[PDB]
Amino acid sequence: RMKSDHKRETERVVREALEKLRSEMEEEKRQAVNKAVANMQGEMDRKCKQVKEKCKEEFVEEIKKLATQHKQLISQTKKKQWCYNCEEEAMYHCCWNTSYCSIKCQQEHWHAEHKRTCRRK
């Protein structure tokens, strides 16, 4: 009677011990996964910030180059006379702030607005 009860005894002790360990190992597993993933996240993100910000700085420097180029071109533009109708360089002077590259442009701007505004003697 006892050679049977000892066997049953042992069996149930084994069962509940294995269930308890299995559960423990399950959420120990889940936490190990959480740790590895949370660390890996940060490594990836950090690398990402580095590359991205290097690119952003290249962009800023390029923008500043462009701005400088524009400044110089503004000055050069300020040292020239331009057709008011189209925006090619001017060769004919009508009156104040009103010059033209050609007679065609002169006529166009004339009929468009300059007729009512020409201050030429």
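All residue numbers refer to positions in the sequence shown, first residue = 1.
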note = When mean C-alpha B-factors in the record are compared for 66 to 74 and 33 to 41, the larger belongs to 33 to 41
note = Comparing 23 to 31 with 84 to 92, the higher average Cα temperature factor in the PDB entry belongs to 23 to 31
query = Relative to the other modelled residues in the chain, which third contains the C-alpha temperature factor of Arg12: lowest, middle or highest?
reply = highest
task = Sort the modelled residues of this chain by their C-alpha B factor and say whether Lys56 lands in the lowest, middle or highest third.
result = lowest
task = Grab the CA temperature factor for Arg1 from the record and place it in the lowest, middle or highest third of its chain.
result = highest
remark   = For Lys79, the third of its chain by CA B-factor is the lowest
